[PDB]
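Enquirer: Dropping a structure here in structure tokens format, bear with me for questions.
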Amino acid sequence: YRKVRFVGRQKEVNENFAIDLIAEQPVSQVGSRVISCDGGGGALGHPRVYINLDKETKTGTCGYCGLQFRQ
Amino acid sequence: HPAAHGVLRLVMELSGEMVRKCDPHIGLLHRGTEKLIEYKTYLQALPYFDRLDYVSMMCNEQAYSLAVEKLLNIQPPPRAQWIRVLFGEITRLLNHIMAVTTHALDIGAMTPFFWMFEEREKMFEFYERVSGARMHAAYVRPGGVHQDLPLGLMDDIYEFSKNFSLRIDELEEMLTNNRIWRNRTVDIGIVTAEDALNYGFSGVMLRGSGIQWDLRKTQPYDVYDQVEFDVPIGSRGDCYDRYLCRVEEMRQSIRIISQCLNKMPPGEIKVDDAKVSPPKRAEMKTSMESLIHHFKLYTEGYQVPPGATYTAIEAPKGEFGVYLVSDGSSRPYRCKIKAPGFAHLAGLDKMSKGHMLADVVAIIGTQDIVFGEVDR
Amino acid sequence: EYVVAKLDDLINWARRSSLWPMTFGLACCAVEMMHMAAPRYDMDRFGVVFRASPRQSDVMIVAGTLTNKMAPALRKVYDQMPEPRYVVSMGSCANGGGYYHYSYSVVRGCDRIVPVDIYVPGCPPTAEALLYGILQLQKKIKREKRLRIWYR
Amino acid sequence: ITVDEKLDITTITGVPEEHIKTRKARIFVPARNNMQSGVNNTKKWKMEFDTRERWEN
Amino acid sequence: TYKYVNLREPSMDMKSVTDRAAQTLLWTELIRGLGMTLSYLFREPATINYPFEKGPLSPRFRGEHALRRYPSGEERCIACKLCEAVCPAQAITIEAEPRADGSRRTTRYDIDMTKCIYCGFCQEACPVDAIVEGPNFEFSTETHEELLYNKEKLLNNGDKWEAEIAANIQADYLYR
Amino acid sequence: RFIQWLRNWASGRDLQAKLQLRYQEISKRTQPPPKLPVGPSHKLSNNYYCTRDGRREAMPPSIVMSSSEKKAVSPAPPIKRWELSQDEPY
Amino acid sequence: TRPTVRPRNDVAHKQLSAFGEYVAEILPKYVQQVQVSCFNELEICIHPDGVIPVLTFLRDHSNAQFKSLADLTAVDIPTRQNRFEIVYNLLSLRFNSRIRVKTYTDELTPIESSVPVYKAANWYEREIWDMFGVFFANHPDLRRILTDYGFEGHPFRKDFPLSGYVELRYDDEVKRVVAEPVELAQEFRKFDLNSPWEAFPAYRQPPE
Amino acid sequence: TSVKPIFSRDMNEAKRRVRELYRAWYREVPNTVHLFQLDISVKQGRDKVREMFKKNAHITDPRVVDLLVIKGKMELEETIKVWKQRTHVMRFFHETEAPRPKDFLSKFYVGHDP
Amino acid sequence: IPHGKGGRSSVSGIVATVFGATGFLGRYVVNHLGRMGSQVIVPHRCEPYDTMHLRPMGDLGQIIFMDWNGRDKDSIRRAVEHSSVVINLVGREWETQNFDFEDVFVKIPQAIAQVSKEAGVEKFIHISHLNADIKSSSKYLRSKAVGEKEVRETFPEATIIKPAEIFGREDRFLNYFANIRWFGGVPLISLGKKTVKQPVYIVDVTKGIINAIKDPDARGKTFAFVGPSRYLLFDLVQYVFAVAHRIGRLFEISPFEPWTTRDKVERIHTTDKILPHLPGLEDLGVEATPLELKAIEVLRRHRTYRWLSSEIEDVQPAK
Amino acid sequence: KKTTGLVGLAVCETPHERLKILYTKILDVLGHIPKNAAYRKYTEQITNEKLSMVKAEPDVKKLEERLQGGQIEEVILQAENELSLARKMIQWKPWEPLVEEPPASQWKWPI
Amino acid sequence: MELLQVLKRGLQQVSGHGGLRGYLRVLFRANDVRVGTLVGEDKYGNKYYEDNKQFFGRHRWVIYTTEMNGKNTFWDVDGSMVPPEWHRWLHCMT
Ligand SMILES: NC(=O)c1ccc[n+]([C@@H]2O[C@H](COP(=O)([O-])OP(=O)(O)OC[C@H]3O[C@@H](n4cnc5c(N)ncnc54)[C@H](OP(=O)(O)O)[C@@H]3O)[C@@H](O)[C@H]2O)c1
Ligand code: SF4
Ligand code: SF4
Ligand code: SF4
Ligand SMILES: [Zn+2]
């Protein structure tokens, strides 16, 4: 019903996905209590937030950072 | 066409060869302006003042920011005032290039149009290096200038503005002692009486005919008292001696630029107290108190106290006034604009009677009518 | 054949060798077109001479902003243009109306009046993305009138 | 002078089209978005109209 | 203060009238005036030869849109809903959803390229530094059905270059 | 050359302020990384809000309105005239 | 108080206090409220019968010339029991001072036009007729400026919703360019930005 | 009612004024049918005018009737002259717009309570 | 399914597919479908520029263009896959110098009565004419009757339409007259015996379709369109000269688009007022338009102002 | 002089006795306004301080100072039209007390 | 005597740059006929010449060659073919 708008138009769509490209990161380890992640370099990227890494042990990708972060 | 590119339909019951009755029609570009600012905030509705003229870019937003600082009880900081003059007296070398060229293209001279716009493109370069963009720059804010101008622009304004007095020495030999253009413009459209003040005119088509007065040294704006210059007057009351203000003001604007490069104090740019200016990008990214005034200054606007106001600056063809009733919350109440074209063009019907039809196209160019500003 | 389809390597080259634009300078995108006729990015003598009369023009260029009180005066002027006519709209107000898309007195788009070929976006497009606009219009002329009378 | 006193109910017509008899208005006092606790949102009687269809483009 | 222009009488003597009657009759003006000031054609013309040469610009220029992403990809957007609240023209149209991993992202992201009035108010409202007015005026499509942008155009249009954009922002983040 | 002094017999003579800046004396770039200070009461222990108060100023003070040998005072002293600006006033 | 706060002066705050003291003293037939604006400006409330004379008193005099009409405007206000608000504005060219004339009105009650006193307000009065519907009496030429030939809403008032009723289009069904009912392709979202806590204590309304 | 009128006083100068301008419009129907080169029958243009004046007959008040006069007085400037380019006149004749149902059962198939 | 007002920018459920749609009959249909708003997939043969005046009818994404030769199968099997209705009006006048003209009304309405029928369409519609009779006339008028007969085999319920003769705005039927500023006005053939036919107005035929396109229950029930009031005379040709007061072709001229010294002089005077038991227009309501109201408009020659119209006809007899 | 500054006026002709006629031309009219108005109480005061400086002292230039009109032909026109105000001032009555107070809540701005 | 005083420079400039074939091959696209001073390196065969610092605006001229990604021989140059790195260079942005 809807798919007629790209008959002979090649339907240009995204190729790589970051739906899960998190997982190829070597999730960082520290051996501490709280760590900063202004991830992506200073004065760029998301603001600095302090995460508690004490479960048994992960952080939660800061809410912003996306990258899997842990101890 | 070839009369403002595609606007201004006017009727002329011409009396044989003379006109003796002329009554134009505006409203072909109305767009619904003043209805639509009621549904925006203060910072968000700023780029509809930039589009209210065409060619004045920093001269508008100079009379919006100054009409909101009054309501806030905030002055701009000292470096923020010597930036506004270096731009507010560089758009007076753009509104006067157009009024002395497109006037002389309707008459029929070809080259000084081309001879000046080839030179003019050295000066739309300067907007792009400072704000980011080509003509309509959202740069001035109600707390001073947005951001700092790059390393440069003082070895590049200085190379430019030391070599502009030769380019204005060409139009003197094209036009002034020319005979045919003097014959096309002497003693034409002589409205000089105190009906040329009962009509409520602003500047030139005033002071070029008699009355010496302008709002730059009878009222202040800024740190603008600290410059020295003289205000050119006209002798008789016709178009050729309100032409000669526009040639002479361009020489006097070079003096106010060369006096402005020497005086800029280093310092801040934004108003400091952060309920009006946003903070730095390297400041809203470490501390906590900076997001709450970066975030909430972008969901809702400021909070400005109630009470009306009015102001006026010297736009390079007249005034530019705002009657900005603010209720007391983030979205303003009525915002009535005063611009020329109401005075400057209601007084054409007096001005045109007795002369030919080919005198009428000679009249209109000297008022420097820019449409969308008849949207007042 | 090879005889007939060769002939549209001249007529479809003659039609793209000299366009004669009418323009409707209405609002701020008038001035940023006049800098293209200014000799920096000089519009003329790269093929395309400037402004003419409505009886003689090929390819009109809408700019500015179309209100209600200009909507019949556009369509009347579009009629007088000849058969191989083309319409280019520059400006971000002849594309769906800039802002003033929500205010009462604007024809919301200027495609609702005429059929327009090449859309050029940008509050004022920089006379740099307009030569790239018309050099898209010349690349559009790859059509033929041969293999129409010679097929059917 | 010519002040011509009388009494007749002021009702105006002509300006809208057909939405006089189709739509009933509604006057209400707004009441405190409860996720916060500031009471400046009250203190003004407003009016607001009916809601109709919203399809999908 | 003052200045008086065109306020001067003629001399009106025997000498200088012949100086003026040589002007009107034998044209000491109008040839010395503009038979010489015009030609003066002998300067070099200044024409940008456009398909090959291009003109100067500046590293804060405004143009086509983009969405950056981090080192190894994260789609830098976080759908915080500010780039849509200060578009003056109401172009942006965001509809988020809690994505399955737990971090929130967009689903639909729509920028008209016709209502876009080209402020630079999206570029500066963003906390996480994602949506950037990218420096390429390459445009001029042929259908109004096309200039509406989706999410998965902008990323493609934002990863056709990031060597272009990240050379610009590193030069210019020090002011703002 | 012969095309050089022909431009000097016509329309004055400049040869230094040419129209195109395409030749030398044109600025190339700028080197340094810019650093911008933050001055006006950004610091601590004296510089402080409730002394900084850029808003919260009172309503317009009304004068006597409804519900003495006054010398007919003007709104302001009248405008004194101007000079004639000795650069070249004629 | 500090830098970045506007310095006032008591000079103009005393002179413009003292000047317009006797504009209520010498015409107490019309002037019914005068108040001084805190930014050194004057407002003077005038009953609508005194539309011509208090201008005419100002228009020529030795002590208050006010010979330039800068701005005539008009504001509409629901909940006032008299809707509109006509605001005149003048300029003392001899004296460098401003004064505003705020005359209230209603729809059906006409206003005697200020055409003969100032010939600047010829076009400032044909306009207000189109945008609100105020009928200025005995106008020498009343017409239709800044609107189309089909609007019947007087759109700058609060009862005309932002987009119109008459969204226009073309069709080839004959040749014409014809109207239609209004048909938007987007909602025009209405945000809510009015936040609580009553941040301004000075302008505070009486409690009730 | 303490407010001065516009033109009339009470119910008699008003209801002779409205009968005055009807004789203008009745005369100035068959002029515009050739002054704009529009091809309809001339009796259509007279039917629309006698339709239009009966619309407003529910008024029990002066100076409201006088307000409608000013609108009716104004249109004879544009219509008797040539200021509307053939298109602003033809909007009174809704030729393009589809017919509305105006009966209950036909609304119920199409449309959520108009 | 529908939504909201049907003025513009609505959904209205239907997804048509209108073949042809460039000529006088096919274009004026699509105008009324670019109002109520629907995916009117219009394919065109070989005309990029000649279809440009069709685009400000579909709002934004309503219409869509495809190219197709007609004889090949899948070029017409690619657009018919997503559809609700599909109407046909393809065809022309005289035989071309490349095509064969015989099966073009037989195989080609069958080439889109192919897997198009199978794929799941409904309300397939063809056209007819009030004079197409298998008796020995004509080369065009019969061999349209082949298309009435040989294509009826497939799709046993269609509502094939049989409109009358049309007068309109940009047509060829009436415009074949008054273009005869020439060395003489020769009628056919110096006789007024059977003139005239029923000139139905083109707005009614394009209003019959759009009332049938969701009728419902109009399948197989073929229809015949009533004409004006009432028959007409030879006075028509005198009436045409009464008020008149006496695409994609080529680059310079197309040397053969003629007035056809062939059957065309008698392709219109064979009248055959057919069966009045056909339902056929008023029950496909509601439309009944005369000639003498819409006759001023399309007739247009060098007077351009002064008409002074009083010319009329009685009925004529056999009314 | 031949230029009167402001174009539209003319040097024609006599100062110092064109003025003193027009002050006392109004003073006869100024006595007629029924004296409880403050209008006479100020307007009598501004003309007497004027004419006591005017009559009768050279030069033409010295009259421009101490009576702050513009140039001398325009100083005529400040007083020329105050006459035209004065005879209108009898017609309506500003000195009478106030009429038709507005309905007690109109000039209260923050709603 | 400037007819040979400055044509001597142009004689090696016009003639001896690519012989007889290499001169008119660039003449048939525009009047861009001056051989530039320096060369670029990138990328395909399109040596983006950079002039002798004796111009501004026309001192960074590029050349296109043939069929980037499905184009014609030489008679279709649209200007958007450039790699997204020379945008930092061709526009004089750094
Ligand atoms: N009901 C009536 O009264 C009546 C009267 C006369 C004729 N007709 C016939 O009913 C239909 C009305 O069409 P019309 O009035 O609009 O005139 P028309 O000129 O025939 O338009 C019909 C379209 O069919 C196209 N066409 C011709 N041959 C084609 C082919 N092999 N393949 C694809 N398209 C072809 C034509 O040119 P393109 O290929 O360039 O598109 C034309 O655009 C036609 O079939 C016509 O022959 C009916
Ligand atoms: S929105 Fe664009 S086209 Fe419209 S006036 Fe502004 S710059 Fe010009
Ligand atoms: S770029 Fe910033 S403002 Fe825009 S959606 Fe992402 S987080 Fe929100
Ligand atoms: S440039 Fe401005 S208007 Fe355009 S999308 Fe960004 S914020 Fe919105
Ligand atoms: Zn992080």
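Chain labels A, B, ... are given in the sequence in which chains occur in the structure tokens; within each chain residues are numbered consecutively from 1, and ligands are likewise numbered from 1 in the order shown.
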Would you give me, as a PyMOL selection string, the residues of chain F that come within 6 Å of chain B, using only C-alpha atoms?
Expert: chain F and resi 38+54-55
Enquirer: Each residue of chain E with at least one atom at most 10 Å from ligand 2 should appear once, together with its nearest atom pair and the corresponding distance in Å (one decimal); atoms considered: only C-alpha atoms and all ligand atoms; ordering: chain, then increasing residue number; output as a Markdown table.
Expert:
```
| residue | atom | partner | partner_atom_place_in_ligand_line | distance |
| --- | --- | --- | --- | --- |
| E:114 | CA | ligand 2 | 1 (S) | 9.6 |
| E:115 | CA | ligand 2 | 1 (S) | 8.9 |
| E:116 | CA | ligand 2 | 1 (S) | 9.1 |
| E:117 | CA | ligand 2 | 1 (S) | 6.4 |
| E:118 | CA | ligand 2 | 2 (Fe) | 9.1 |
```
Enquirer: If the limit is 10 Å from any atom of ligand 3, counting only C-alpha atoms and all ligand atoms, which residues qualify? Return them as an NGL selection string.
Expert: (:A and (46 or 64)) or (:E and (66-68 or 75-86 or 92-96 or 105-106 or 109 or 122-132))
Enquirer: Include N, CA and C atoms and write out the residues we just selected as a short mmCIF file (atom, residue, chain, number, x, y, z; two decimals), in the first residue's frame.
Expert:
```
data_model
loop_
_atom_site.label_atom_id
_atom_site.label_comp_id
_atom_site.auth_asym_id
_atom_site.auth_seq_id
_atom_site.Cartn_x
_atom_site.Cartn_y
_atom_site.Cartn_z
N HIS A 46 29.81 14.88 25.98
CA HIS A 46 28.80 15.10 26.99
C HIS A 46 29.43 15.68 28.26
N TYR A 64 24.75 9.13 29.00
CA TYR A 64 25.10 9.86 27.79
C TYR A 64 26.03 9.05 26.92
N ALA E 66 23.71 17.94 9.53
CA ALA E 66 24.46 16.73 9.78
C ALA E 66 24.13 16.26 11.18
N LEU E 67 24.41 15.00 11.44
CA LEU E 67 24.47 14.49 12.80
C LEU E 67 25.75 13.71 12.97
N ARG E 68 26.61 14.18 13.85
CA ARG E 68 27.88 13.54 14.12
C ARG E 68 27.65 12.27 14.94
N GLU E 75 25.93 7.38 17.71
CA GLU E 75 24.87 8.28 17.25
C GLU E 75 24.67 9.39 18.27
N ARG E 76 25.61 10.35 18.30
CA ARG E 76 25.85 11.29 19.40
C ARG E 76 24.60 11.94 20.01
N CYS E 77 23.52 12.06 19.24
CA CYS E 77 22.21 12.48 19.74
C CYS E 77 21.73 11.68 20.94
N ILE E 78 20.97 12.33 21.82
CA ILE E 78 20.41 11.69 23.00
C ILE E 78 18.93 12.02 23.18
N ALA E 79 18.35 12.73 22.20
CA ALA E 79 16.95 13.16 22.18
C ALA E 79 16.58 13.88 23.47
N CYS E 80 17.22 15.03 23.65
CA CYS E 80 16.99 15.80 24.86
C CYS E 80 16.00 16.92 24.63
N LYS E 81 15.57 17.10 23.38
CA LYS E 81 14.48 17.99 22.99
C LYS E 81 14.80 19.46 23.29
N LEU E 82 15.92 19.96 22.79
CA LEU E 82 16.16 21.40 22.81
C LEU E 82 16.33 21.98 21.42
N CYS E 83 16.91 21.21 20.50
CA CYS E 83 17.07 21.69 19.13
C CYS E 83 15.74 21.88 18.44
N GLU E 84 14.67 21.33 18.99
CA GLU E 84 13.33 21.50 18.47
C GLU E 84 12.56 22.60 19.19
N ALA E 85 12.97 22.99 20.39
CA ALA E 85 12.23 24.02 21.10
C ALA E 85 12.72 25.43 20.80
N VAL E 86 13.86 25.59 20.13
CA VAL E 86 14.31 26.92 19.73
C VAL E 86 14.56 27.04 18.25
N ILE E 92 12.06 21.11 13.18
CA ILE E 92 12.46 19.83 13.74
C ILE E 92 11.23 19.10 14.24
N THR E 93 11.21 17.78 14.11
CA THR E 93 10.09 16.97 14.58
C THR E 93 10.65 15.68 15.15
N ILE E 94 10.81 15.61 16.47
CA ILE E 94 11.46 14.50 17.14
C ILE E 94 10.40 13.65 17.83
N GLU E 95 10.52 12.32 17.72
CA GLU E 95 9.69 11.40 18.48
C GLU E 95 10.55 10.27 19.02
N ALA E 96 10.92 10.36 20.30
CA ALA E 96 11.80 9.40 20.94
C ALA E 96 11.00 8.18 21.39
N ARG E 105 17.12 7.05 22.72
CA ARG E 105 17.50 7.60 21.43
C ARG E 105 16.26 8.07 20.71
N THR E 106 16.48 8.56 19.50
CA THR E 106 15.40 8.95 18.62
C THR E 106 14.78 7.73 17.95
N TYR E 109 13.36 11.58 13.12
CA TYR E 109 13.98 12.90 13.20
C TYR E 109 13.76 13.58 11.87
N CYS E 122 19.85 25.66 16.38
CA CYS E 122 20.02 24.26 16.72
C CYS E 122 21.47 23.97 17.07
N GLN E 123 22.39 24.59 16.33
CA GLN E 123 23.81 24.35 16.48
C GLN E 123 24.32 24.70 17.87
N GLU E 124 23.70 25.68 18.51
CA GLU E 124 24.21 26.18 19.77
C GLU E 124 23.35 25.82 20.97
N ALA E 125 22.19 25.22 20.78
CA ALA E 125 21.40 24.81 21.93
C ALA E 125 21.75 23.42 22.43
N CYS E 126 22.46 22.65 21.65
CA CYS E 126 22.69 21.24 21.95
C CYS E 126 23.73 21.06 23.04
N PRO E 127 23.41 20.36 24.14
CA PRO E 127 24.44 20.08 25.15
C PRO E 127 25.47 19.06 24.72
N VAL E 128 25.07 18.01 24.02
CA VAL E 128 25.98 16.90 23.77
C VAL E 128 26.72 17.09 22.45
N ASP E 129 26.55 18.26 21.85
CA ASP E 129 27.35 18.77 20.73
C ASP E 129 27.13 17.95 19.45
N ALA E 130 25.87 17.60 19.17
CA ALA E 130 25.65 16.70 18.04
C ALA E 130 25.29 17.40 16.73
N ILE E 131 24.16 18.10 16.66
CA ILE E 131 23.67 18.55 15.36
C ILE E 131 24.39 19.81 14.91
N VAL E 132 25.04 19.73 13.76
CA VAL E 132 25.98 20.75 13.33
C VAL E 132 25.62 21.21 11.92
#
```
Enquirer: Compare J:52, J:24, J:71, J:36 by their minimum atom-to-atom distance to residue J:83, counting only C-alpha atoms, and give me the closest one.
Expert: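 Among the listed residues, the smallest separation from residue J:83 belongs to J:24.
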Enquirer: List all protein, DNA and RNA residues that have an atom no more than 9 Å from any atom of ligand 1, counting only C-alpha atoms and all ligand atoms, and report them as a JSON list (two decimals) with C-alpha atoms, in the first residue's frame.
Expert:
```
[["chain", "number", "residue", "atom", "x", "y", "z"],
["C", 148, "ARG", "CA", 9.00, 10.85, -30.04],
["C", 152, "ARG", "CA", 5.02, 6.62, -32.08],
["I", 19, "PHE", "CA", -3.76, 5.35, -17.90],
["I", 20, "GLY", "CA", -3.55, 7.87, -20.71],
["I", 21, "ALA", "CA", -4.31, 11.07, -18.78],
["I", 22, "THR", "CA", -2.62, 13.55, -21.09],
["I", 23, "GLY", "CA", -5.34, 14.21, -23.65],
["I", 24, "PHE", "CA", -8.48, 16.32, -23.25],
["I", 25, "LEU", "CA", -10.48, 13.48, -21.74],
["I", 26, "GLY", "CA", -7.83, 11.94, -19.52],
["I", 27, "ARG", "CA", -6.43, 15.13, -18.00],
["I", 28, "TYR", "CA", -9.67, 16.65, -16.76],
["I", 44, "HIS", "CA", 2.77, 8.27, -19.22],
["I", 45, "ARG", "CA", 4.31, 7.07, -22.44],
["I", 46, "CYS", "CA", 7.16, 9.27, -23.67],
["I", 47, "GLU", "CA", 6.49, 12.81, -22.44],
["I", 50, "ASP", "CA", 4.23, 17.62, -21.81],
["I", 68, "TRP", "CA", 5.69, 2.46, -20.08],
["I", 69, "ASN", "CA", 5.58, 1.41, -23.73],
["I", 70, "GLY", "CA", 2.25, -0.44, -23.60],
["I", 71, "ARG", "CA", 2.95, -3.56, -25.65],
["I", 88, "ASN", "CA", -8.70, 2.95, -18.98],
["I", 89, "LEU", "CA", -9.03, 5.62, -21.64],
["I", 90, "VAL", "CA", -6.05, 4.87, -23.89],
["I", 91, "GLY", "CA", -6.33, 5.22, -27.66],
["I", 92, "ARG", "CA", -6.29, 7.96, -30.24],
["I", 93, "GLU", "CA", -7.61, 9.06, -33.62],
["I", 94, "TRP", "CA", -6.02, 7.92, -36.96],
["I", 96, "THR", "CA", 0.02, 6.04, -37.04],
["I", 99, "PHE", "CA", 1.61, 1.18, -35.18],
["I", 101, "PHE", "CA", -4.23, 0.30, -35.13],
["I", 104, "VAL", "CA", -4.37, -1.54, -30.28],
["I", 105, "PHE", "CA", -8.02, -1.58, -29.22],
["I", 108, "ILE", "CA", -3.68, -3.41, -25.52],
["I", 127, "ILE", "CA", -14.72, 3.41, -22.25],
["I", 128, "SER", "CA", -17.02, 3.23, -25.28],
["I", 129, "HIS", "CA", -18.72, 5.57, -27.71],
["I", 130, "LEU", "CA", -22.38, 6.05, -28.60],
["I", 140, "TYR", "CA", -12.06, 3.55, -36.28],
["I", 144, "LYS", "CA", -13.70, 0.04, -31.34],
["I", 161, "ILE", "CA", -18.84, 3.56, -19.84],
["I", 162, "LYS", "CA", -20.45, 4.70, -23.09],
["I", 163, "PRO", "CA", -20.38, 8.51, -23.02],
["I", 164, "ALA", "CA", -21.97, 10.68, -25.66],
["I", 165, "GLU", "CA", -20.10, 13.08, -27.95],
["I", 166, "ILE", "CA", -18.26, 15.69, -25.89],
["I", 167, "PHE", "CA", -17.92, 19.45, -26.16],
["I", 171, "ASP", "CA", -11.33, 19.51, -27.26],
["I", 172, "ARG", "CA", -11.17, 18.47, -30.91],
["I", 173, "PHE", "CA", -14.81, 17.57, -31.71],
["I", 200, "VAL", "CA", -22.55, 16.19, -23.43],
["I", 205, "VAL", "CA", -18.52, 12.84, -17.95],
["I", 247, "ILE", "CA", 1.66, 18.05, -27.34],
["I", 248, "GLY", "CA", 5.10, 16.50, -27.64],
["I", 249, "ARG", "CA", 4.88, 16.67, -31.42]]
```
Enquirer: At a cut-off of 8 Å, which residues of chain I touch chain G? Count only C-alpha atoms and give the answer as a PyMOL selection string.
Expert: chain I and resi 7-9+28+31+56-57
Enquirer: List all protein, DNA and RNA residues that have an atom no more than 8 Å from any atom of ligand 5, counting only C-alpha atoms and all ligand atoms, and report them as a list in words.
Expert: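 Within the 8 Å cut-off, the matching residues are residues 36, 37, 38, 39, 40, 46, 47, 48, 49, 61, 62, 63, 64, 65, 66 and 67 of chain A.
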Enquirer: Write out as a list in words each polymer residue whose atoms come within 8 Å of residue G:94, counting only C-alpha atoms; drop sequence neighbours fewer than 5 positions from it.
Expert: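 In the requested format, the answer is residues 78 and 79 of chain F; 65 of chain G.
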Enquirer: Could you name the residues that touch stretch 22-32 of chain K at 9 Å or less, counting only C-alpha atoms, but leaving out those on the same chain fewer than 4 positions away, as an NGL selection string?
Expert: (:E and (49)) or (:K and (14-18 or 74-75))
Enquirer: Figure out the distance between atom CA of residue I:17 and atom CA of residue I:76, please, to one decimal in Å.
Expert: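 Between these atoms lies a distance of 10.7 Å.
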Enquirer: Compile the contact shell of residue B:216 as a PDB file with N, CA and C atoms, in the first residue's frame: residues with an atom at most 9 Å away, counting only C-alpha atoms, same-chain residues fewer than 6 positions apart removed.
Expert:
```
ATOM      1  N   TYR B 224      28.800  56.360  22.242  1.00  0.00           N
ATOM      2  CA  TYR B 224      28.664  56.939  20.924  1.00  0.00           C
ATOM      3  C   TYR B 224      28.838  58.436  21.003  1.00  0.00           C
ATOM      4  N   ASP B 225      28.782  58.977  22.215  1.00  0.00           N
ATOM      5  CA  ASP B 225      29.126  60.359  22.468  1.00  0.00           C
ATOM      6  C   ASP B 225      30.612  60.600  22.272  1.00  0.00           C
ATOM      7  N   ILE B 313      16.217  54.883  16.770  1.00  0.00           N
ATOM      8  CA  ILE B 313      17.598  55.059  16.365  1.00  0.00           C
ATOM      9  C   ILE B 313      17.606  55.754  15.020  1.00  0.00           C
ATOM     10  N   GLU B 314      18.792  55.987  14.476  1.00  0.00           N
ATOM     11  CA  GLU B 314      18.933  56.624  13.178  1.00  0.00           C
ATOM     12  C   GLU B 314      19.259  55.537  12.165  1.00  0.00           C
TER      13      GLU B 314
END
```
Enquirer: Up to 9 Å from chain K, what residues of chain E turn up? Count only C-alpha atoms and give them as JSON, numbers by chain.
Expert: {"E": [46, 47, 48, 49, 50, 51, 52, 53, 54, 55, 56, 57, 58, 59, 135, 136, 138, 160, 161, 162, 163, 164, 165, 167, 168]}
Enquirer: Residues of chain E within 12 Å of chain J, counting only C-alpha atoms - could you list those as a ChimeraX atom specification?
Expert: /E:4,7-8
Enquirer: Tell me, counting only C-alpha atoms, for each residue of chain F within 12 Å of chain K, which pair of atoms is nearest and how far apart they are in Å to one decimal, in rows ordered by chain and increasing number, as CSV.
Expert:
```
residue,atom,partner,partner_atom,distance
F:1,CA,K:2,CA,6.9
F:2,CA,K:2,CA,7.7
F:3,CA,K:2,CA,9.2
F:4,CA,K:2,CA,11.2
F:19,CA,K:56,CA,11.9
F:20,CA,K:56,CA,8.1
F:21,CA,K:56,CA,7.0
F:22,CA,K:56,CA,4.2
F:23,CA,K:54,CA,5.4
F:24,CA,K:54,CA,7.4
F:25,CA,K:54,CA,11.1
F:26,CA,K:56,CA,8.6
F:27,CA,K:56,CA,10.6
F:28,CA,K:94,CA,9.6
F:29,CA,K:94,CA,7.7
F:30,CA,K:94,CA,9.8
F:31,CA,K:94,CA,10.9
```
Enquirer: Which residues of chain J are close to chain G, meaning at most 7 Å apart when you count only C-alpha atoms, and how do they look as a ChimeraX atom specification?
Expert: /J:37-39,78,81-82,85,94-99,106
Enquirer: Could you pull out all residues of stretch 7-67 of chain A with a DSSP call of strand (DSSP E) and give them as a PyMOL selection string?
Expert: chain A and resi 34-36+50-52
Enquirer: What's the 9 Å shell around residue D:45, counting only C-alpha atoms, without same-chain residues fewer than 3 positions away, as a list in words?
Expert: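 Counting only C-alpha atoms, the residues come to residues 27, 28, 29, 30 and 42 of chain D.
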